[PDB]
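Dropping input_14.cif in here (mmCIF, N, CA and C atoms):
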data_entry
#
loop_
_atom_site.label_atom_id
_atom_site.label_comp_id
_atom_site.auth_asym_id
_atom_site.auth_seq_id
_atom_site.Cartn_x
_atom_site.Cartn_y
_atom_site.Cartn_z
N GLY Y 1 7.00 20.43 -11.61
CA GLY Y 1 7.91 19.69 -12.47
C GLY Y 1 8.13 18.26 -11.99
N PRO Y 2 8.93 17.50 -12.73
CA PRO Y 2 9.16 16.09 -12.36
C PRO Y 2 10.02 15.97 -11.11
N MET Y 3 9.54 15.18 -10.16
CA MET Y 3 10.24 14.83 -8.94
C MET Y 3 10.60 13.35 -8.95
N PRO Y 4 11.69 12.96 -8.30
CA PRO Y 4 12.01 11.53 -8.20
C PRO Y 4 11.06 10.85 -7.23
N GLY Y 5 10.91 9.54 -7.41
CA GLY Y 5 10.11 8.76 -6.49
C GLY Y 5 10.78 8.66 -5.13
N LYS Y 6 9.97 8.74 -4.08
CA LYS Y 6 10.46 8.70 -2.71
C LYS Y 6 9.72 7.61 -1.95
N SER Y 7 10.36 7.10 -0.90
CA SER Y 7 9.66 6.22 0.02
C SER Y 7 8.50 6.96 0.66
N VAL Y 8 7.44 6.23 0.96
CA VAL Y 8 6.31 6.78 1.68
C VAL Y 8 6.04 5.93 2.90
N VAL Y 9 5.70 6.59 3.99
CA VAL Y 9 5.27 5.93 5.21
C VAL Y 9 3.76 6.05 5.27
N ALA Y 10 3.08 4.92 5.42
CA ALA Y 10 1.62 4.93 5.43
C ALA Y 10 1.14 4.00 6.53
N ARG Y 11 -0.10 4.23 6.95
CA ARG Y 11 -0.75 3.45 8.00
C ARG Y 11 -1.46 2.26 7.38
N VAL Y 12 -1.20 1.06 7.91
CA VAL Y 12 -1.85 -0.14 7.41
C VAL Y 12 -3.34 -0.08 7.70
N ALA Y 13 -4.16 -0.40 6.69
CA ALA Y 13 -5.60 -0.54 6.84
C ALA Y 13 -6.03 -1.89 6.27
N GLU Y 14 -7.15 -2.41 6.74
CA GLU Y 14 -7.52 -3.75 6.31
C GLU Y 14 -8.04 -3.75 4.87
N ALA Y 15 -7.96 -4.92 4.25
CA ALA Y 15 -8.25 -5.02 2.83
C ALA Y 15 -9.73 -5.14 2.58
N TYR Y 16 -10.15 -4.65 1.43
CA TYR Y 16 -11.50 -4.90 0.99
C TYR Y 16 -11.67 -6.39 0.71
N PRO Y 17 -12.85 -6.95 1.00
CA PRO Y 17 -13.00 -8.42 0.92
C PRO Y 17 -12.68 -9.00 -0.45
N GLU Y 18 -12.98 -8.27 -1.53
CA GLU Y 18 -12.74 -8.80 -2.87
C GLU Y 18 -11.25 -8.88 -3.19
N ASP Y 19 -10.42 -8.17 -2.43
CA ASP Y 19 -8.99 -8.10 -2.69
C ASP Y 19 -8.19 -9.17 -1.97
N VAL Y 20 -8.81 -9.91 -1.06
CA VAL Y 20 -8.05 -10.78 -0.16
C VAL Y 20 -7.42 -11.91 -0.97
N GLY Y 21 -6.12 -12.11 -0.76
CA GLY Y 21 -5.37 -13.16 -1.42
C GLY Y 21 -4.76 -12.78 -2.74
N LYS Y 22 -4.91 -11.52 -3.17
CA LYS Y 22 -4.48 -11.10 -4.49
C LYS Y 22 -3.15 -10.37 -4.48
N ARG Y 23 -2.50 -10.25 -3.32
CA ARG Y 23 -1.20 -9.60 -3.21
C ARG Y 23 -1.25 -8.19 -3.82
N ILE Y 24 -2.26 -7.42 -3.42
CA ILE Y 24 -2.31 -6.03 -3.85
C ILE Y 24 -2.26 -5.14 -2.62
N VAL Y 25 -1.86 -3.89 -2.85
CA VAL Y 25 -1.97 -2.82 -1.87
C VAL Y 25 -2.69 -1.68 -2.56
N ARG Y 26 -3.72 -1.15 -1.93
CA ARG Y 26 -4.43 -0.01 -2.49
C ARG Y 26 -3.84 1.25 -1.89
N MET Y 27 -3.38 2.16 -2.75
CA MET Y 27 -2.82 3.44 -2.35
C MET Y 27 -3.31 4.50 -3.31
N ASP Y 28 -3.56 5.70 -2.79
CA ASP Y 28 -4.21 6.73 -3.59
C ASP Y 28 -3.22 7.44 -4.49
N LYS Y 29 -3.74 8.41 -5.27
CA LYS Y 29 -2.90 9.08 -6.25
C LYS Y 29 -1.80 9.91 -5.61
N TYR Y 30 -2.03 10.42 -4.39
CA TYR Y 30 -0.99 11.22 -3.75
C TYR Y 30 0.18 10.35 -3.33
N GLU Y 31 -0.10 9.19 -2.73
CA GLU Y 31 0.98 8.28 -2.39
C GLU Y 31 1.67 7.75 -3.65
N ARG Y 32 0.91 7.41 -4.69
CA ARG Y 32 1.55 6.92 -5.91
C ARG Y 32 2.43 8.00 -6.53
N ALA Y 33 1.95 9.24 -6.53
CA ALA Y 33 2.74 10.35 -7.06
C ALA Y 33 4.06 10.48 -6.32
N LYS Y 34 4.02 10.44 -4.98
CA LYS Y 34 5.25 10.54 -4.20
C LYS Y 34 6.16 9.34 -4.45
N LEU Y 35 5.58 8.15 -4.59
CA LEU Y 35 6.37 6.95 -4.88
C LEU Y 35 6.92 6.97 -6.29
N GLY Y 36 6.25 7.64 -7.21
CA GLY Y 36 6.64 7.56 -8.60
C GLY Y 36 6.13 6.32 -9.30
N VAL Y 37 4.96 5.82 -8.91
CA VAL Y 37 4.43 4.59 -9.49
C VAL Y 37 3.06 4.88 -10.07
N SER Y 38 2.65 4.00 -10.97
CA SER Y 38 1.31 4.00 -11.52
C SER Y 38 0.53 2.81 -10.99
N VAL Y 39 -0.78 2.84 -11.20
CA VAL Y 39 -1.59 1.67 -10.89
C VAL Y 39 -1.07 0.50 -11.70
N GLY Y 40 -0.87 -0.65 -11.04
CA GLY Y 40 -0.33 -1.81 -11.72
C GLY Y 40 1.17 -1.98 -11.61
N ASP Y 41 1.88 -1.00 -11.06
CA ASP Y 41 3.28 -1.14 -10.73
C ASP Y 41 3.44 -1.93 -9.44
N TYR Y 42 4.68 -2.32 -9.16
CA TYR Y 42 4.98 -3.10 -7.97
C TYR Y 42 5.76 -2.27 -6.97
N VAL Y 43 5.49 -2.55 -5.70
CA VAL Y 43 6.17 -1.90 -4.59
C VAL Y 43 6.68 -2.95 -3.62
N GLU Y 44 7.60 -2.50 -2.79
CA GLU Y 44 8.16 -3.29 -1.70
C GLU Y 44 7.68 -2.63 -0.41
N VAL Y 45 7.15 -3.43 0.51
CA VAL Y 45 6.63 -2.92 1.77
C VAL Y 45 7.43 -3.53 2.92
N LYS Y 46 7.82 -2.69 3.87
CA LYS Y 46 8.59 -3.13 5.03
C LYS Y 46 8.05 -2.49 6.29
N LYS Y 47 8.19 -3.21 7.40
CA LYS Y 47 7.85 -2.66 8.71
C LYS Y 47 8.79 -1.51 9.05
N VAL Y 48 8.25 -0.52 9.76
CA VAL Y 48 9.08 0.55 10.31
C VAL Y 48 8.95 0.60 11.83
N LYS D 1 11.50 -8.20 6.68
CA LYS D 1 10.54 -9.11 6.05
C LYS D 1 9.81 -8.42 4.91
N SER D 2 10.56 -7.80 4.00
CA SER D 2 9.94 -7.05 2.90
C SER D 2 9.03 -7.95 2.07
N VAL D 3 7.89 -7.40 1.66
CA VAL D 3 6.96 -8.11 0.79
C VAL D 3 6.68 -7.26 -0.44
N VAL D 4 6.59 -7.91 -1.57
CA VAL D 4 6.27 -7.27 -2.84
C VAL D 4 4.77 -7.32 -3.04
N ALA D 5 4.17 -6.20 -3.47
CA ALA D 5 2.74 -6.18 -3.75
C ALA D 5 2.51 -5.29 -4.96
N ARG D 6 1.41 -5.54 -5.64
CA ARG D 6 1.03 -4.78 -6.82
C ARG D 6 0.13 -3.63 -6.38
N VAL D 7 0.39 -2.44 -6.93
CA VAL D 7 -0.35 -1.24 -6.56
C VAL D 7 -1.69 -1.23 -7.28
N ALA D 8 -2.77 -1.03 -6.52
CA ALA D 8 -4.11 -0.83 -7.05
C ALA D 8 -4.61 0.52 -6.57
N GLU D 9 -5.61 1.05 -7.28
CA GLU D 9 -6.06 2.40 -6.94
C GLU D 9 -6.86 2.40 -5.65
N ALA D 10 -6.98 3.59 -5.06
CA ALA D 10 -7.71 3.76 -3.81
C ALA D 10 -9.20 3.90 -4.06
N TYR D 11 -9.99 3.46 -3.10
CA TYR D 11 -11.39 3.82 -3.07
C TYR D 11 -11.52 5.32 -2.81
N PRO D 12 -12.50 5.99 -3.42
CA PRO D 12 -12.59 7.45 -3.27
C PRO D 12 -12.57 7.91 -1.82
N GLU D 13 -13.30 7.22 -0.94
CA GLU D 13 -13.33 7.58 0.47
C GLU D 13 -11.96 7.48 1.14
N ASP D 14 -11.01 6.75 0.54
CA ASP D 14 -9.70 6.63 1.15
C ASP D 14 -8.70 7.63 0.62
N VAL D 15 -9.08 8.45 -0.37
CA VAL D 15 -8.13 9.37 -0.98
C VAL D 15 -7.75 10.46 0.02
N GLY D 16 -6.45 10.69 0.17
CA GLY D 16 -5.93 11.70 1.06
C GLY D 16 -5.68 11.27 2.49
N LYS D 17 -5.85 9.99 2.81
CA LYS D 17 -5.80 9.54 4.20
C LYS D 17 -4.48 8.89 4.61
N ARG D 18 -3.49 8.81 3.71
CA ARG D 18 -2.16 8.29 4.04
C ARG D 18 -2.23 6.86 4.56
N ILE D 19 -3.07 6.04 3.94
CA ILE D 19 -3.18 4.64 4.32
C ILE D 19 -2.77 3.76 3.15
N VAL D 20 -2.50 2.50 3.47
CA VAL D 20 -2.26 1.46 2.48
C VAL D 20 -3.10 0.27 2.90
N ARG D 21 -4.03 -0.14 2.04
CA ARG D 21 -4.89 -1.29 2.34
C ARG D 21 -4.17 -2.56 1.94
N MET D 22 -4.04 -3.49 2.89
CA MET D 22 -3.36 -4.76 2.63
C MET D 22 -4.04 -5.85 3.44
N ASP D 23 -4.02 -7.07 2.90
CA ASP D 23 -4.85 -8.11 3.49
C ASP D 23 -4.09 -8.87 4.58
N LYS D 24 -4.74 -9.89 5.14
CA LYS D 24 -4.18 -10.55 6.31
C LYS D 24 -2.92 -11.35 5.97
N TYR D 25 -2.78 -11.80 4.72
CA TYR D 25 -1.56 -12.50 4.33
C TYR D 25 -0.38 -11.54 4.30
N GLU D 26 -0.54 -10.39 3.65
CA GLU D 26 0.55 -9.42 3.63
C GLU D 26 0.92 -8.97 5.03
N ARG D 27 -0.08 -8.71 5.87
CA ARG D 27 0.23 -8.22 7.21
C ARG D 27 1.00 -9.28 7.98
N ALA D 28 0.62 -10.54 7.83
CA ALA D 28 1.35 -11.61 8.50
C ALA D 28 2.78 -11.74 7.99
N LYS D 29 2.96 -11.75 6.67
CA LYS D 29 4.30 -11.86 6.10
C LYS D 29 5.20 -10.71 6.53
N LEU D 30 4.63 -9.53 6.71
CA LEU D 30 5.36 -8.37 7.20
C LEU D 30 5.45 -8.32 8.71
N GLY D 31 4.66 -9.12 9.41
CA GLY D 31 4.60 -9.05 10.86
C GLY D 31 4.02 -7.75 11.37
N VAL D 32 2.99 -7.23 10.72
CA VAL D 32 2.37 -5.98 11.12
C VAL D 32 0.89 -6.22 11.38
N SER D 33 0.27 -5.23 12.01
CA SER D 33 -1.16 -5.23 12.28
C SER D 33 -1.77 -3.95 11.72
N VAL D 34 -3.10 -3.97 11.58
CA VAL D 34 -3.83 -2.77 11.18
C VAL D 34 -3.48 -1.64 12.13
N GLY D 35 -3.20 -0.47 11.58
CA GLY D 35 -2.76 0.66 12.36
C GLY D 35 -1.26 0.81 12.49
N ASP D 36 -0.49 -0.26 12.27
CA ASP D 36 0.95 -0.12 12.23
C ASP D 36 1.36 0.75 11.05
N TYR D 37 2.61 1.20 11.07
CA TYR D 37 3.14 1.99 9.98
C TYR D 37 4.14 1.17 9.18
N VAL D 38 4.08 1.30 7.86
CA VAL D 38 5.00 0.61 6.98
C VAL D 38 5.63 1.62 6.04
N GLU D 39 6.79 1.25 5.51
CA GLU D 39 7.48 2.02 4.50
C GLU D 39 7.27 1.34 3.16
N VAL D 40 6.89 2.11 2.15
CA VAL D 40 6.61 1.61 0.81
C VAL D 40 7.60 2.26 -0.14
N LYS D 41 8.21 1.46 -1.02
CA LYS D 41 9.11 1.98 -2.05
C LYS D 41 8.86 1.24 -3.36
N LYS D 42 9.07 1.96 -4.46
CA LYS D 42 8.93 1.39 -5.79
C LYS D 42 9.96 0.30 -6.02
N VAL D 43 9.55 -0.74 -6.75
CA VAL D 43 10.45 -1.81 -7.12
C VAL D 43 11.19 -1.31 -8.35
#
Could the structure of this file be written out as structure tokens, please?
Amino acid sequence: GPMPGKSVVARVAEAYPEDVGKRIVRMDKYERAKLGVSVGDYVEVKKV
Amino acid sequence: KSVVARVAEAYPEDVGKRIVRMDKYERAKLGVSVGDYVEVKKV
């Protein structure tokens, strides 16, 4: 059933070269599902 | 030092690995390095 979006803790990995400078983060469907976001949505990232 | 970024899909090889790919500008603005851990939340 529907779950609310939750914060996710993830390990930083380096960007693919075509993505550099585009202010994107690539995250898979499991992280997006837990976050409650779709591709093209915006997220806030903070150090932990 | 929160930074806003747009979500893009994962490369197939990265699916299931609990990573977030971000470039050198984002890492600098966040003050993090590859391998560090970050918290991500929906805007």
Within 7 Å of residue 37 in chain Y, counting only N, CA and C atoms, which residues show up once you throw out same-chain ones fewer than 5 positions away? Write them as a PyMOL selection string, please.
(chain Y and resi 5+31-32+42) or (chain D and resi 42)
Out of chain D, which residues get alpha helix (DSSP H) from DSSP, as a VMD selection string?
chain D and resid 24 to 30
Taking a cut-off of 5 Å and counting all atoms listed in the file, can you build a table that, for each residue of chain D near chain Y, reports the nearest atom pair and how far apart they are in Å (one decimal), sorted by chain then residue number, as JSON lines?
{"residue": "D:2", "atom": "CA", "partner": "Y:45", "partner_atom": "C", "distance": 4.3}
{"residue": "D:3", "atom": "C", "partner": "Y:45", "partner_atom": "N", "distance": 4.0}
{"residue": "D:4", "atom": "CA", "partner": "Y:43", "partner_atom": "C", "distance": 4.4}
{"residue": "D:5", "atom": "N", "partner": "Y:43", "partner_atom": "C", "distance": 4.1}
{"residue": "D:6", "atom": "C", "partner": "Y:25", "partner_atom": "N", "distance": 4.1}
{"residue": "D:7", "atom": "C", "partner": "Y:40", "partner_atom": "N", "distance": 3.9}
{"residue": "D:8", "atom": "N", "partner": "Y:25", "partner_atom": "C", "distance": 4.0}
{"residue": "D:9", "atom": "C", "partner": "Y:27", "partner_atom": "N", "distance": 4.5}
{"residue": "D:10", "atom": "N", "partner": "Y:27", "partner_atom": "C", "distance": 4.2}
{"residue": "D:18", "atom": "C", "partner": "Y:11", "partner_atom": "N", "distance": 4.1}
{"residue": "D:19", "atom": "CA", "partner": "Y:11", "partner_atom": "N", "distance": 4.1}
{"residue": "D:20", "atom": "C", "partner": "Y:13", "partner_atom": "N", "distance": 4.0}
{"residue": "D:21", "atom": "N", "partner": "Y:26", "partner_atom": "N", "distance": 4.1}
{"residue": "D:22", "atom": "C", "partner": "Y:15", "partner_atom": "N", "distance": 4.1}
{"residue": "D:23", "atom": "CA", "partner": "Y:15", "partner_atom": "N", "distance": 4.5}
{"residue": "D:34", "atom": "CA", "partner": "Y:12", "partner_atom": "C", "distance": 4.4}
{"residue": "D:35", "atom": "N", "partner": "Y:12", "partner_atom": "C", "distance": 3.9}
{"residue": "D:36", "atom": "C", "partner": "Y:12", "partner_atom": "N", "distance": 4.1}
{"residue": "D:37", "atom": "CA", "partner": "Y:10", "partner_atom": "C", "distance": 4.5}
{"residue": "D:38", "atom": "N", "partner": "Y:10", "partner_atom": "C", "distance": 4.2}
{"residue": "D:39", "atom": "N", "partner": "Y:46", "partner_atom": "C", "distance": 4.0}
{"residue": "D:40", "atom": "N", "partner": "Y:8", "partner_atom": "C", "distance": 4.0}
{"residue": "D:41", "atom": "C", "partner": "Y:44", "partner_atom": "N", "distance": 4.0}
{"residue": "D:42", "atom": "CA", "partner": "Y:43", "partner_atom": "CA", "distance": 4.5}
{"residue": "D:43", "atom": "N", "partner": "Y:42", "partner_atom": "C", "distance": 4.1}
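Straight-line separation from CA of residue 29 in chain D to atom N of residue 18 in chain Y: 19.2 Å.
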Hey, can you check how far atom N of residue 15 in chain D sits from atom C of residue 33 in chain Y?
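Atom C of residue 33 in chain Y lies 14.6 Å from atom N of residue 15 in chain D.
Note that atom C of residue 28 in chain D and atom N of residue 1 in chain D are 9.5 Å apart.
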Secondary structure check, strand (DSSP E) residues of chain Y, as a ChimeraX atom specification
/Y:8-14,24-26,42-47
Since the input is missing atoms for range 1-27 of chain D, could you rebuild it with N, CA, C and O atoms and give the result as an mmCIF file, in the frame of the given file?
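After the write, selection31.cif holds the following:
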data_model
loop_
_atom_site.group_PDB
_atom_site.id
_atom_site.type_symbol
_atom_site.label_atom_id
_atom_site.label_comp_id
_atom_site.auth_asym_id
_atom_site.auth_seq_id
_atom_site.Cartn_x
_atom_site.Cartn_y
_atom_site.Cartn_z
ATOM 1 N N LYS D 1 11.500 -8.200 6.680
ATOM 2 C CA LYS D 1 10.540 -9.110 6.050
ATOM 3 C C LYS D 1 9.810 -8.420 4.910
ATOM 4 O O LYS D 1 8.586 -8.465 4.851
ATOM 5 N N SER D 2 10.560 -7.800 4.000
ATOM 6 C CA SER D 2 9.940 -7.050 2.900
ATOM 7 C C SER D 2 9.030 -7.950 2.070
ATOM 8 O O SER D 2 9.355 -9.106 1.793
ATOM 9 N N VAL D 3 7.890 -7.400 1.660
ATOM 10 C CA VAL D 3 6.960 -8.110 0.790
ATOM 11 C C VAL D 3 6.680 -7.260 -0.440
ATOM 12 O O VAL D 3 6.586 -6.030 -0.362
ATOM 13 N N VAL D 4 6.590 -7.910 -1.570
ATOM 14 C CA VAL D 4 6.270 -7.270 -2.840
ATOM 15 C C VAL D 4 4.770 -7.320 -3.040
ATOM 16 O O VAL D 4 4.123 -8.343 -2.765
ATOM 17 N N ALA D 5 4.170 -6.200 -3.470
ATOM 18 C CA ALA D 5 2.740 -6.180 -3.750
ATOM 19 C C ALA D 5 2.510 -5.290 -4.960
ATOM 20 O O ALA D 5 3.346 -4.451 -5.290
ATOM 21 N N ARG D 6 1.410 -5.540 -5.640
ATOM 22 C CA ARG D 6 1.030 -4.780 -6.820
ATOM 23 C C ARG D 6 0.130 -3.630 -6.380
ATOM 24 O O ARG D 6 -0.772 -3.822 -5.561
ATOM 25 N N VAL D 7 0.390 -2.440 -6.930
ATOM 26 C CA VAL D 7 -0.350 -1.240 -6.560
ATOM 27 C C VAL D 7 -1.690 -1.230 -7.280
ATOM 28 O O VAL D 7 -1.746 -1.417 -8.500
ATOM 29 N N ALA D 8 -2.770 -1.030 -6.520
ATOM 30 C CA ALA D 8 -4.110 -0.830 -7.050
ATOM 31 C C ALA D 8 -4.610 0.520 -6.570
ATOM 32 O O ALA D 8 -4.100 1.083 -5.594
ATOM 33 N N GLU D 9 -5.610 1.050 -7.280
ATOM 34 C CA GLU D 9 -6.060 2.400 -6.940
ATOM 35 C C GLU D 9 -6.860 2.400 -5.650
ATOM 36 O O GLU D 9 -7.384 1.371 -5.203
ATOM 37 N N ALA D 10 -6.980 3.590 -5.060
ATOM 38 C CA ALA D 10 -7.710 3.760 -3.810
ATOM 39 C C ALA D 10 -9.200 3.900 -4.060
ATOM 40 O O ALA D 10 -9.629 4.409 -5.108
ATOM 41 N N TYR D 11 -9.990 3.460 -3.100
ATOM 42 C CA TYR D 11 -11.390 3.820 -3.070
ATOM 43 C C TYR D 11 -11.520 5.320 -2.810
ATOM 44 O O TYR D 11 -10.711 5.882 -2.068
ATOM 45 N N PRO D 12 -12.500 5.990 -3.420
ATOM 46 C CA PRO D 12 -12.590 7.450 -3.270
ATOM 47 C C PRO D 12 -12.570 7.910 -1.820
ATOM 48 O O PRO D 12 -11.858 8.864 -1.489
ATOM 49 N N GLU D 13 -13.300 7.220 -0.940
ATOM 50 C CA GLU D 13 -13.330 7.580 0.470
ATOM 51 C C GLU D 13 -11.960 7.480 1.140
ATOM 52 O O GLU D 13 -11.753 8.085 2.195
ATOM 53 N N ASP D 14 -11.010 6.750 0.540
ATOM 54 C CA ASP D 14 -9.700 6.630 1.150
ATOM 55 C C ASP D 14 -8.700 7.630 0.620
ATOM 56 O O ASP D 14 -7.579 7.702 1.141
ATOM 57 N N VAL D 15 -9.080 8.450 -0.370
ATOM 58 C CA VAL D 15 -8.130 9.370 -0.980
ATOM 59 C C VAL D 15 -7.750 10.460 0.020
ATOM 60 O O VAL D 15 -8.615 11.064 0.666
ATOM 61 N N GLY D 16 -6.450 10.690 0.170
ATOM 62 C CA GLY D 16 -5.930 11.700 1.060
ATOM 63 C C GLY D 16 -5.680 11.270 2.490
ATOM 64 O O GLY D 16 -5.307 12.119 3.308
ATOM 65 N N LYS D 17 -5.850 9.990 2.810
ATOM 66 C CA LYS D 17 -5.800 9.540 4.200
ATOM 67 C C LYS D 17 -4.480 8.890 4.610
ATOM 68 O O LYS D 17 -4.345 8.476 5.764
ATOM 69 N N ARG D 18 -3.490 8.810 3.710
ATOM 70 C CA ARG D 18 -2.160 8.290 4.040
ATOM 71 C C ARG D 18 -2.230 6.860 4.560
ATOM 72 O O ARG D 18 -1.517 6.487 5.501
ATOM 73 N N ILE D 19 -3.070 6.040 3.940
ATOM 74 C CA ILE D 19 -3.180 4.640 4.320
ATOM 75 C C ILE D 19 -2.770 3.760 3.150
ATOM 76 O O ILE D 19 -2.706 4.189 1.991
ATOM 77 N N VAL D 20 -2.500 2.500 3.470
ATOM 78 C CA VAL D 20 -2.260 1.460 2.480
ATOM 79 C C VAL D 20 -3.100 0.270 2.900
ATOM 80 O O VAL D 20 -2.935 -0.256 4.015
ATOM 81 N N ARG D 21 -4.030 -0.140 2.040
ATOM 82 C CA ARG D 21 -4.890 -1.290 2.340
ATOM 83 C C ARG D 21 -4.170 -2.560 1.940
ATOM 84 O O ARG D 21 -3.754 -2.711 0.788
ATOM 85 N N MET D 22 -4.040 -3.490 2.890
ATOM 86 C CA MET D 22 -3.360 -4.760 2.630
ATOM 87 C C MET D 22 -4.040 -5.850 3.440
ATOM 88 O O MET D 22 -4.580 -5.601 4.522
ATOM 89 N N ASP D 23 -4.020 -7.070 2.900
ATOM 90 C CA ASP D 23 -4.850 -8.110 3.490
ATOM 91 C C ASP D 23 -4.090 -8.870 4.580
ATOM 92 O O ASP D 23 -2.944 -8.576 4.917
ATOM 93 N N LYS D 24 -4.740 -9.890 5.140
ATOM 94 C CA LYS D 24 -4.180 -10.550 6.310
ATOM 95 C C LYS D 24 -2.920 -11.350 5.970
ATOM 96 O O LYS D 24 -2.073 -11.555 6.845
ATOM 97 N N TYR D 25 -2.780 -11.800 4.720
ATOM 98 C CA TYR D 25 -1.560 -12.500 4.330
ATOM 99 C C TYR D 25 -0.380 -11.540 4.300
ATOM 100 O O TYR D 25 0.674 -11.825 4.877
ATOM 101 N N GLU D 26 -0.540 -10.390 3.650
ATOM 102 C CA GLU D 26 0.550 -9.420 3.630
ATOM 103 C C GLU D 26 0.920 -8.970 5.030
ATOM 104 O O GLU D 26 2.106 -8.826 5.343
ATOM 105 N N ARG D 27 -0.080 -8.710 5.870
ATOM 106 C CA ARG D 27 0.230 -8.220 7.210
ATOM 107 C C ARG D 27 1.000 -9.280 7.980
ATOM 108 O O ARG D 27 1.989 -8.970 8.660
#
